[PDB]
Amino acid sequence: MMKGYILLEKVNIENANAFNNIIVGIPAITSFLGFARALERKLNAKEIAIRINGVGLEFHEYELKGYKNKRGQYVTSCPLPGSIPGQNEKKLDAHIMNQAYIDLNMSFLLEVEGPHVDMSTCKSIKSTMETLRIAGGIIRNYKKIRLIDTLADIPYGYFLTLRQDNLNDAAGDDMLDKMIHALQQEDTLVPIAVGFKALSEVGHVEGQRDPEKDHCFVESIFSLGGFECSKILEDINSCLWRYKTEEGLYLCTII
Amino acid sequence: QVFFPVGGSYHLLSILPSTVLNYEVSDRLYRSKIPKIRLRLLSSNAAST
DNA sequence: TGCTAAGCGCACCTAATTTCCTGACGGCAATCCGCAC
DNA sequence: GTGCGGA
RNA sequence: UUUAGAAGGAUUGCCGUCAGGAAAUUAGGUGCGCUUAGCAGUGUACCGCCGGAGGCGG
């Protein structure tokens, strides 16, 4: 019954997950969209009807936990492991698996659709964001939660957008060769993770987190992305990530 | 195990990593100039496990 | 509390050659493995 | 509470 | 309802000895800065006076 835009401005996230089996860097888009969905689910239990249908991701600064060597390469750092459940839980030294962590400052543009979208909604989002996480990281501080109307009320930064056309129109003989060639031609693009693909059928197995839902075994899928500034942008709708679900595919796309 | 919204409800998804894809990114990046990172956290005994 | 309005700021040509750039010794010890018997 | 088994 | 949920990297330390940068030079020709104006704005406020602080006379 009404539609608007809410901006979450300059949020500090400390120690967010940065490993997706072929990528070390920016976290996957599904974590940010799940943060938006978790905020939606927590606002609807306080009897405040709202629906978040699109999120835009803006970047201001980053820091990867580690250091840069003299040759210009990164060496990651991980915390010291503690007690882990299993057969060797009573030991003093535990195992070291594969992990990576990142630090971010970002801003979020949320498209909300509900019966009322005033500043009391902004106060409720301010009261409901001090009990949530982004990726697996904690929120130290935010600056201000406010409503926006046009492109000129947005702070300066660089947004992330999908560039699937630059991947389907390149090289050949397999998709990974297209990925490597497209990354060698234009140097301002990054590989990102954009959702999941099925590896089995839907059913019920033993050992689930919730034993009353449907279950599928999945694999992560990867695509290409790029950065555009906030003063060279056309429309709000061309930087908003949304959910899309086919049969066997769970994705995140910019229509 | 994570949740994913499918049409008014949710699906529970268990993610399994790919072993063959990890072997082919590393071979095809040893002879290339795009930025890359080497992870040196897994030992020999834990790899056999 | 006031302190100007207009225009413009070159055309040429060049920027050196030689010789060489060290010999030694060394660069840590500890720990980070599930599973079937 | 042991010892195996690879790169 | 986020590749979910958890984590102490620690202690110690002698970089040192020696030394020749060096020789030669041509920066040169030309040239219109320039038409107008009131230091004004008011150019600054003095003695008192009772009161005791607070208020009018010249």
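All chains are named by letter (A, B, ...) in the order of the sequence lines, taking the proteins before the strands, and each is independently numbered beginning at 1. The figures that follow rest on heavy atoms only: side chains count, while hydrogens, waters and symmetry mates do not.
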Problem set entry | Nearest heavy-atom neighbours spanning B/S14 and A/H215 | OG-NE2, 3.1 Å

Problem set entry | Minimum-distance pair of heavy atoms, taken over all atoms of A/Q208 and B/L12 | CB-CD2, 3.8 Å

Exercise. Considering all heavy atoms of both residues, which atom of B/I34 and which atom of A/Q184 are nearest to each other, and what is their separation?
Worked result: CG2-CG, 3.8 Å

Problem set entry | Minimum side-chain heavy-atom gap A/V218-B/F4 below 4.5 Å | no

Exercise. Which value, rounded to the nearest 0.5 Å, describes the distance between A/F19 atom CZ and B/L41 atom CG?
Worked result: 9.0 Å

Exercise. How long is the span from the OH atom in A/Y74 to the NZ atom in B/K36, to the nearest 0.5 Å?
Worked result: 14.5 Å

Exercise. To the nearest 0.5 Å, how far apart are CG in A/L176 and CD in B/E24?
Worked result: 7.0 Å

Seminar exercise, completed: Under 4.5 Å to a heavy atom of chain B? For A/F196 that would be side chain

For this session: Below 4.5 Å from any heavy atom of chain B, which atoms of A/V75 appear? Answer side chain, backbone, both or neither.
Result: side chain

Seminar exercise, completed: From the list A/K213, A/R37, A/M97, A/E219, the residue making the most non-hydrogen contacts under 4.5 Å with chain B is A/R37

Problem set entry | When A/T76, A/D177, A/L199, A/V205 are compared by non-hydrogen pairs under 4.5 Å with chain B, the top option | A/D177

For this session: Find out whether the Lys NZ or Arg CZ of A/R209 is both under 6.0 angstrom from the six-membered ring centre of B/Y10 and within 45° of the ring's axis.
Result: no

For this session: Could you look at B/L42 and say if it's the side chain, the backbone, both or neither that has a heavy atom under 4.5 Å from chain A?
Result: both

For this session: Kindly give the heavy-atom pair with the smallest separation between B/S18 and A/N21, and that separation in Å.
Result: N-ND2, 3.0 Å

Exercise. Given that the side chain runs from C-beta out, which part of A/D210 has a heavy atom under 4.5 Å from chain B: side chain, backbone, both or neither?
Worked result: both

Seminar exercise, completed: Shortest non-hydrogen pair, A/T245 vs B/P5, comes out as CG2-O, 3.6 Å

Problem set entry | Heavy atoms from other residues, nucleotides or ligands near CZ of A/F227 exceed 12 (cutoff 6.0 Å) | yes

Exercise. Of the backbone (N, CA, C, O) and the side chain (C-beta and beyond), which part of A/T30 lies under 4.5 Å from a heavy atom of chain B, both, or neither?
Worked result: side chain

Exercise. Out of curiosity, A/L183 CG to B/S32 OG, how far, rounded to the nearest 0.5 Å?
Worked result: 8.5 Å

Exercise. So A/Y250 and B/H11, would you call those rings parallel, tilted or perpendicular, with 30° and 60° as cut-offs?
Worked result: tilted

Exercise. Quick one: SG on A/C216 to CD1 on B/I15, what's the gap to the nearest 0.5 Å?
Worked result: 11.5 Å

Problem set entry | A/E228, CD atom: more than 12 neighbouring heavy atoms under 6.0 Å | yes

